[PDB]
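Colleague: First piece of the complex, coordinates kept as in the full assembly:
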Amino acid sequence: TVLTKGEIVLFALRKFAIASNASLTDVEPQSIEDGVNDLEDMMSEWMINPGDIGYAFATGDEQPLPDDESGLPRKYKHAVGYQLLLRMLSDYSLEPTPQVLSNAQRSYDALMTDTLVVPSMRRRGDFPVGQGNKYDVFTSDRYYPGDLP
Amino acid sequence: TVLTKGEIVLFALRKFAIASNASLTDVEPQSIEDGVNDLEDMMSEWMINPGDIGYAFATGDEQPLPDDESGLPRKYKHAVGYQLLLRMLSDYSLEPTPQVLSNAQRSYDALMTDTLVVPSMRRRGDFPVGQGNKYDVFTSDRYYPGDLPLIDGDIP
Amino acid sequence: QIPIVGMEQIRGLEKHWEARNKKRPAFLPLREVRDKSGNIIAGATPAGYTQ
Amino acid sequence: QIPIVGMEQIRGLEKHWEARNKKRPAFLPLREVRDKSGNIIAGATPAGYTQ
Amino acid sequence: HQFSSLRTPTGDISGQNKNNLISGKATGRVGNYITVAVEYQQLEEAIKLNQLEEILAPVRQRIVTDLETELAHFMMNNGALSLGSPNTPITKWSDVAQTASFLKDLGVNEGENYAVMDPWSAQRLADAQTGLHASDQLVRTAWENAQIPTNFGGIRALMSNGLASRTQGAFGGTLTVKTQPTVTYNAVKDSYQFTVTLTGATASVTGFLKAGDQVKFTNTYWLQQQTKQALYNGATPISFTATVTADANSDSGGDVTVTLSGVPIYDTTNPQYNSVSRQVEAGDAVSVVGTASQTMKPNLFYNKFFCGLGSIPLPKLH
Amino acid sequence: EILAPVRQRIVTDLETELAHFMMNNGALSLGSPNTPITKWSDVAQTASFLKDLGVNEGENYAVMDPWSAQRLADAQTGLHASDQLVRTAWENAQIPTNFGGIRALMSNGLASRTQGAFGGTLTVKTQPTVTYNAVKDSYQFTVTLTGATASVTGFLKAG
């Protein structure tokens, strides 16, 4: 069950009921490519604040297609879809409801928890290692080495 | 892969309902020219507060064109477009919705995160350096250099 | 004592807080607390410290 | 102790704060905290200091 | 570390490059426990088990013998150098002196050199020794006690019956390399092992190359490590050789992939760490020393700092 | 860590260049280059030649490969009457200091040279000038050869 870029756009449309399987009125194909471009640029900016999540970019001179494999796991689908929906609601001149906002916030927090990393502070490097460590067997034992590279 | 100046203006007019397929409206060239000129002026202004982000200004002789390449990286376009939309919505006498404001603020903060640099407070220059650094042999300085450049001997 | 912060408050800025004792920064950057609608409800200071 | 500020509050004024101990400025400039609608919600003082 | 020098009439080295500190490391690891355990009922200890210490005496020497045997296996597996062919036993004086001459020729300076052989080879050496012409005491010793002096041909020779045995494993066909390997120093400085693929082997043989088999590269030569000149044994230059590490199998088309210990480093960007005259290109002819399915007990020769041994002390239980 | 293997590199380079200079400027030649040194005469011939020329004031020396020393020590092990020589050769494989009347030495680091392709029954074309006035400062002279191969680069290498 690979996740395609076009499935996220369809999910975003269905969630706010712009268009669905039983809509009786569907959007033009240009809106689909607009949504795909918006998703691509949103991931491009997500490369900065959140960590990379394995998104597949259309490297080269080509352009994204709605049938291209995203590369994301299924667990990020709701988060990405809700964020994209919040990004592109104003395209159709609408306004999100508080429940949608809460759902998007919950999914985003779940993603942040999944991608969390906490650094550990190393010692300065002028700290004297204790005499009880037998500090004349290896180097960087008389004093701590500090951060490497 | 190429982000032209006309892509950003169309992105703004699409994120709003001025001219897009969903709204069933054909775009007007006056809006394009106005948006391109406003974007050029805004990017001229951004040289001070946000910083330099690699924009490619036109030379004095010619005029900006929508199809010309802009030079901005792909990871800035939402921030740029949202800022331009906020600066241009007053032209049509319309009031932005709170969601648009929140999106613009989030994108602006994301842009500001990338270009952040935190200076380090180097030592004053009259601050002594201890004997533990062996200033007689290991380093020629008995005090911290402060602003002085490394000696050349041809430039005194 | 250890400071306590939120994930959305320090994300992308961890390297500056990690080396606050080795380098000599002029300041430390940190964000504000925002609700689901984007309104600011708390300042940029850390929430608290351990006892 | 290190002061804590926001990115948008000190941008463009870092050179004045980095040299506050070598030069002798008559004052230090800093901006106020503003929300997404442009209203001022906090003063120009730093948010806080580390312990 | 190793370095390279520059030659200029006056000392101007502005536009040249400088030697960097490319550091390589050698890593050793722990093995598996050696455990001997017995049990008995309380009734047997009460009425039947007497002289228990004399019964349990040889467990320590069993432990040590197992350790020595597996150590010999490791030593014969990880070696790289080779002299002679397995089809001929040691019979003459030169067969031992060649090891010392080769070790001196490579450039080994520190430590002491050792050579270990099986009792039959020592007997043959003593038999050859009894035919000397001048030394009455030495000949009398060899004739009566059938022993050899501590030094022999410039190298310390020892006789041991604890050596392990190995088997060749069937092979055939004119073996030639297929794909050029990667033997740059930056890539191999951590393990001193490289992988190559051959072509022209038999259709399908299991265990085509067994552990300890040695592969000789005919048209590439050893290099004296310090002055970087080729090695000549009179009129025949010495050829680079390696050892098979793990068992290999041959599939259809006669292609076999093997991992060897010891490497032909030929770096065109870091000439300091060369150890072989030329690179191993594709189509270079190789050969395997030995016989198709011969089995024998290998002789060993090495330096003090070739291999290392350690016994970790274990702590008490609760 | 730097100090230990850099002085060795400097010394090795110096002695390689010294050996190259010695074999580039030496004049006398003995034996066929292909055949190695195997017997006792191959070393004594140098001392005999040096004494035959007439050089006395000084000291003579011969330097050879480690493999060559084994072939002389192995030959020495076959002696008939010297217990000490046979014992030393058998145990340590060390040849004595004075071998054939000259001081023999062992060296593993020794320069090697390439012959360089040549062909044809060479002969001298023009009579050279070998008067003492011409060559009293260098002991070097230039000669021209004829009857060589049509066009070959590296016809005669150095040494």
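Modeller: Looks like it came in fine. Numbering: from 1, shown residues only, chains lettered A, B, ... in the order given.
Colleague: going forward, measure contacts between C-alpha atoms and count neighbours the same way
Modeller: Noted.
Colleague: Report the contact partners of whichever residue of chain C sits closest to chain B.
Modeller: Residue of chain C nearest chain B, by CA to the nearest CA: residue C:25 (4.5 Å). Applying CA atoms under 8 Å, 6 or more residues apart in numbering or on different chains, one finds that residue C:25 lies in contact with B:118, B:119, B:120, B:121, D:2.
Colleague: ok, 7 Å please
Modeller: Contacts for residue C:25 (CA atoms under 7 Å, 6 or more residues apart in numbering or on different chains) come out as B:118, B:119, B:120, B:121.
Colleague: And for residue E:111?
Modeller: By CA under 7 Å, 6+ apart, the residues touching residue E:111 are E:303, E:304.
Colleague: ok, how many other residues are close to the nearest residue to residue E:226 once chain neighbours are set aside?
Modeller: Spatial nearest neighbour of residue E:226, excluding adjacent residues (CA to CA, 6 or more residues apart in numbering or on different chains): residue E:107 at 7.0 Å. Using other CA atoms under 10 Å in any protein chain shown, the number of residues around residue E:107 comes to 15.
Colleague: With residue E:26 instead?
Modeller: Residues contacting residue E:26 under the criterion other CA under 10 Å number 8.
Colleague: let's put chain G on the structure above:
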Amino acid sequence: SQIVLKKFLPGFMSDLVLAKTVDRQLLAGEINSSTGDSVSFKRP
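Modeller: Just below you will find chain G, in place on the chains above:
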């Protein structure tokens, strides 16, 4: 793979017989700042 020992593993080294045998007494401190880049001896 992280812990390292301090004794550098022994390396290879050549031997020195050429320098000890050549004549190093006639030409010793003879090319000084006054002679230039070359000096010359006499002949019998």
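Colleague: The neighbour count of residue E:107 again please, this time with chain G.
Modeller: Other residues near residue E:107 come to 20 when the count uses other CA under 10 Å.
Colleague: Pull the contacting residues for it.
Modeller: Residue E:107 touches E:224, E:225, G:12, G:13, G:14, counting by CA under 7 Å, 6+ apart.
Colleague: switch to 10 Å and redo it
Modeller: Applying CA atoms under 10 Å, 6 or more residues apart in numbering or on different chains, we find residue E:107 in contact with E:223, E:224, E:225, E:226, E:227, F:108, F:109, G:11, G:12, G:13, G:14, G:15.
Colleague: give me phi/psi at it?
Modeller: Main-chain dihedrals, residue E:107, degrees, to the nearest 10: phi 130, psi 20.
Colleague: which of the contacts of residue E:107 has the most neighbours?
Modeller: residue F:109 (27 neighbours).
Colleague: Could you list the residues of chain C in contact with chain B?
Modeller: With CA under 10 Å from any CA of the partner chain as the criterion, chain C comes near chain B at residues C:11-13, C:16, C:23-29, C:31, C:37-39.
Colleague: In helices, which of those residues fall?
Modeller: Per DSSP state H, helices hold the following members of the residues of chain C next to chain B: residue C:16.
Colleague: Go ahead and add chain H:
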Amino acid sequence: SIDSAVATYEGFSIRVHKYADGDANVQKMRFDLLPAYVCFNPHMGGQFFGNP
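Modeller: Below, chain H sits with the chains from the block before:
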């Protein structure tokens, strides 16, 4: 104006220097030696090999 020292190795003197040119935190050293050669008489030396 450059730190220097002399190291001796079987009768050969080596001059070592240290300097810090470049603002890339790159320390640099160099070792130097200057030899002198002379050939007195070519007729007192040469090469020799074995004969069959």
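Colleague: once more on the contacts of residue E:107, with chain H this time?
Modeller: Residue E:107 makes contact with E:223, E:224, E:225, E:226, E:227, F:108, F:109, G:11, G:12, G:13, G:14, G:15 under the criterion CA under 10 Å, 6+ apart.
Colleague: Out of the residues you listed, flag the one nearest to residue C:43.
Modeller: The closest of these to residue C:43 turns out to be residue G:11 (CA to CA; 63.2 Å).
Colleague: ok, so what distance separates the residue found closest to that closest one once you drop the neighbours it is linked to in the chain from residue G:18?
Modeller: Leaving aside its chain neighbours, residue G:11 sits nearest to residue E:108 (7.4 Å; criterion: CA to CA, 6+ apart). Distance of residue E:108 to residue G:18, computed by CA to CA, to the nearest Å: 20 Å.
Colleague: Tell me who's in contact with the residue nearest the centre of chain H.
Modeller: Centroid-nearest residue in chain H: residue H:33, 3.0 Å away (criterion: CA atoms, centre = their mean). Applying CA under 10 Å, 6+ apart to residue H:33 gives the contacts E:11, F:10, F:11, F:14, H:12, H:13, H:14, H:15, H:16.
Colleague: Does the last one lie in a helix or a strand, and which?
Modeller: Residue H:16 is located in strand H:12-19, with elements delineated by DSSP states H and E.
Colleague: right, is that strand up against chain B?
Modeller: No - on the criterion CA under 10 Å from any CA, strand H:12-19 is out of touch with chain B, staying 10.8 Å away.
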